[PDB]
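K.L.:
coordinates only, sequence not included:
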Ligand SMILES: Nc1ncnc2c1ncn2[C@@H]1O[C@H](COP(=O)(O)OP(=O)(O)OP(=O)(O)O)[C@@H](O)[C@H]1O
Ligand SMILES: Nc1ncnc2c1ncn2[C@@H]1O[C@H](COP(=O)(O)OP(=O)(O)O)[C@@H](O)[C@H]1O
Ligand SMILES: [Mg+2]
């Protein structure tokens, strides 16, 4: 017996080459698409404090979010470098800059 | 796992408890229990061991300690070129063991032979065959042991590693912060009881600072520091008629460690250096905020990649209009990094090379970079390195795929890296989808205001007061579009005319150039 697992990021190109016929089934992994999920991830990572968490939740609860997990880790690590005063501002600015339509 | 506790600090070994314990359990356990139960087991004694790794980490000292505590005689040593008539020398090593086996062999002691740089004497098939016959020939030597060492195990003959003969292999790699701490704790013993050192000394800082340091370098640190301090205070008190013990009152050492560390001893492994004059010829002159902004962003990136655990790899891309001075800024940041290992890969060294050769050079550079606990590698002119051309495409697909695969491969555990690239054709790169491989982008704009041009001119200091006023009034409008390199060469050309016909020539040259993106 055997089992083969594949990974890809360009589904349409594979579709044109008549490749999906060989594969028996496909599974879809989505991105973060709600403020609640982002807040849960931030809490689980255990980086920001309570007050900054409240500020982030208040500011981010009036827009849409579409971001990948690895990019989120990179943004958190980059933002932590700045001084304690401007960490939240830098993180929010970077999130706004990265924000894009699905 | 259960083990018999040892006192490593007492034996002088630090940071290798696991290796010592495993070696002792797998190799020398049998030869300590009495022959009767050994035979009843059916146990068979091992005959050879192999140790490999960077030089100076202390391969010999491990077996020397085992010999000191082996409750037997001392081990004999051989050298790679010593044997290299050969059979006569071979008969000077096992002849003593053969004589013992003539006088003994059932209850005889244990003889140990040590081979240095064994790879140099085996790959000359005559000596290899003689050695192979001797270790396992028609006669069986049950009172001998061989412990080879080298640094390139891949070059050892396979027949020598057949399971019947040598069967244990180990790697002894460079120390880490905690390992360096323990090694220093061990080496700082005599002066610890002699009170020749200062109480302000912080061994933690010394251990943290030394990135690529072997035990030999660590001991040399202590040697040089004590020498520096003795000379310092003795000489200080010799030229004055002050009390002699005043010098001995300064015997305690706090800053001499740093003094010796500055340039007395330097890392031996990796530790490449690069020249920056060839890439920074006119220095760096501040003509506006953007230079400060770029430098600050580069410094922040350099800081993140040193005190972070979740991001052991960081890449950054610089983009801007041609001749904006991106390569110089990248080289300046790389120099300011202060990392032990630095290198630059540029197409200038690659002239007329084939695509495969370029791929080989790139992979070799990255492979060398992997060897160091820190590094920074710079790649310049990506669009040229791909051999682009506007008339249709001509990119070398192989060179593109090599880069795209390389940019993501993380290093082994515990090693960090930083990658910086510089480009000018951003759209073309975006087309190939490689833009997503990078993590961040920093812009390199061009001069866009007149006052910036006058400030650059005054920093350069070439035009006089009247000429400065004339240019300022002529181009007061903030509708300029010029790069630092273009400004430099334009000024250099314009300076070639006669003193009278210079300002007008400069203005004509500026007008010839563009004024908008
Ligand atoms: N503040 C500065 N910024 C950039 N370059 C400067 C600065 N001060 C002086 N220079 C000099 O300007 C010249 C431009 O630098 P460099 O050769 O790296 O340009 P570039 O835009 O990377 O070139 P290319 O178009 O060939 O890619 C160099 O001589 C550099 O020393
Ligand atoms: N774990 C360790 N404990 C004590 N000393 C060490 C250790 N590792 C390296 N050294 C230092 O390395 C030196 C010995 O290296 P050596 O055995 O000659 O290496 P090789 O024989 O492979 O050239 C000694 O000066 C010793 O202080
Ligand atoms: Mg350049």
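P.N.:
Cool, the structure landed. Numbers count the residues shown, from 1 in each chain, chains lettered A, B, ... in the order given. Ligands and ions are numbered 1, 2, ... in the order given.

K.L.:
Would you check how far apart residue A:102 and chain B are?
P.N.:
Residue A:102 sits 16 Å away from chain B when distances are taken as Cβ to the nearest Cβ, to the nearest Å. Where you see a C-beta, it was placed from the backbone N, CA and C, and this is true even at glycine.

K.L.:
cool, residue A:87 as well?
P.N.:
From residue A:87 to chain B the distance is 13 Å (Cβ to the nearest Cβ).

K.L.:
was I right about that residue contacting residue A:79?
P.N.:
Yes: between residue A:87 and residue A:79 a contact is recorded at 5.8 Å, counting by Cβ atoms under 8 Å.

K.L.:
Spatially nearest residue to the residue nearest the centre of chain A, not counting backbone neighbours?
P.N.:
Nearest to the mean C-alpha position of chain A, counting by Cα atoms, centre = their mean, stands residue A:68 at 2.7 Å. Setting aside the residues directly before and after it, residue A:68 is nearest to residue A:31 in space (Cβ to Cβ, 6 or more residues apart in numbering or on different chains), at 5.6 Å.

K.L.:
so who does the one you found touch?
P.N.:
A:66-69 (Cβ atoms under 8 Å, 6 or more residues apart in numbering or on different chains).

K.L.:
So between residue A:87 and residue A:79, which is more surrounded?
P.N.:
residue A:79 (21 against 18; other Cβ atoms under 10 Å in any protein chain shown).

K.L.:
in what helix or strand does that one lie?
P.N.:
Per DSSP states H and E: residue A:79 is located in helix A:69-80.

K.L.:
What residues sit buried inside that helix?
P.N.:
A:71-72, A:74-80 (16 or more other Cβ atoms under 10 Å in any protein chain shown).

K.L.:
what separates the helix or strand just after it from the chain centre, distance-wise?
P.N.:
Using DSSP H and E, the helix or strand that follows helix A:69-80 in sequence is helix A:87-98. In terms of Cα atoms, centre = their mean, to the nearest Å, the centre of helix A:87-98 is set 14 Å apart from its chain centre.

K.L.:
Which elements pack onto helix A:87-98?
P.N.:
helix A:50-60, helix A:69-80 (3 or more Cβ pairs under 8 Å, 6 or more residues apart in numbering or on different chains; DSSP states H and E).

K.L.:
now what about the last one, what contacts it?
P.N.:
Which is helix A:69-80. By Cβ under 8 Å, 6+ apart, helix A:69-80 touches A:31-32, A:38, A:41, A:45, A:47, A:87, A:90-91, A:94-95, A:98, B:300, B:304, B:308, B:310-311, B:439-440.

K.L.:
and the angle for that helix with helix B:289-304?
P.N.:
Calculated by axes from the mean of the first three to the mean of the last three Cα atoms, to 10 degrees, helix A:69-80 forms an angle of 110 degrees with helix B:289-304.

K.L.:
who are the neighbours in contact with the nearest residue to residue A:55 once chain neighbours are set aside?
P.N.:
The shortest distance from residue A:55 to any non-neighbouring residue, by Cβ to Cβ, 6+ apart, is to residue A:88 (5.8 Å). Shown in contact with residue A:88 (Cβ under 8 Å, 6+ apart): A:48, A:52, A:55-56.

K.L.:
now swap in residue A:57 and tell me
P.N.:
Contacts of residue A:57 by Cβ under 8 Å, 6+ apart are A:35, A:39.

K.L.:
if I look at it, how far off is ligand 1?
P.N.:
Plainly put, residue A:57 is 43 Å away from ligand 1 if you go by Cβ to the nearest ligand atom, to the nearest Å.

K.L.:
got it, and residue A:46?
P.N.:
Counting by Cβ to the nearest ligand atom - residue A:46 and ligand 1 are separated by 42 Å.

K.L.:
With residue A:71 instead?
P.N.:
29 Å.

K.L.:
before we move on, the earlier item: tell me how far the residue nearest to residue A:55 lies from ligand 1.
P.N.:
For residue A:88, the distance to ligand 1 - Cβ to the nearest ligand atom - is 33 Å.

K.L.:
thinking again about what came up before, and of the contacts of residue A:31, the nearest to ligand 2?
P.N.:
Comparing the contacts of residue A:31 against ligand 2 with Cβ to the nearest ligand atom picks out residue A:69 as the nearest, at 41.3 Å.

K.L.:
For burial, what's the neighbour tally of residue A:95?
P.N.:
20.

K.L.:
Is residue A:13 in a helix, a strand, or coil?
P.N.:
State at residue A:13, reduced to three classes by DSSP: H, G, I helix; E, B strand; the rest coil: helix.

K.L.:
ok, now which ones touch it?
P.N.:
So residue A:13 contacts nothing (Cβ under 8 Å, 6+ apart).

K.L.:
Could you do residue A:33 as well?
P.N.:
Per Cβ under 8 Å, 6+ apart, neighbours of residue A:33: A:64-66, A:102.

K.L.:
Let's have those residues in CSV, adding neighbour count, secondary structure and distance to ligand 2.
P.N.:
Formatted as CSV, these follow (neighbours: other Cβ atoms under 10 Å in any protein chain shown; DSSP: H, G, I helix; E, B strand; the rest coil; distance: Cβ to the nearest ligand atom, whole Å):
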residue, neighbour count, secondary structure, distance to ligand 2
A:64, 11, coil, 57
A:65, 17, coil, 52
A:66, 14, coil, 53
A:102, 7, coil, 56
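
K.L.:
can I get the residues you listed in JSON lines with distance to ligand 1?
P.N.:
Below are the contacts of residue A:33 laid out as JSON lines (distance: Cβ to the nearest ligand atom, whole Å):
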{"residue": "A:64", "distance to ligand 1": "39"}
{"residue": "A:65", "distance to ligand 1": "37"}
{"residue": "A:66", "distance to ligand 1": "35"}
{"residue": "A:102", "distance to ligand 1": "37"}
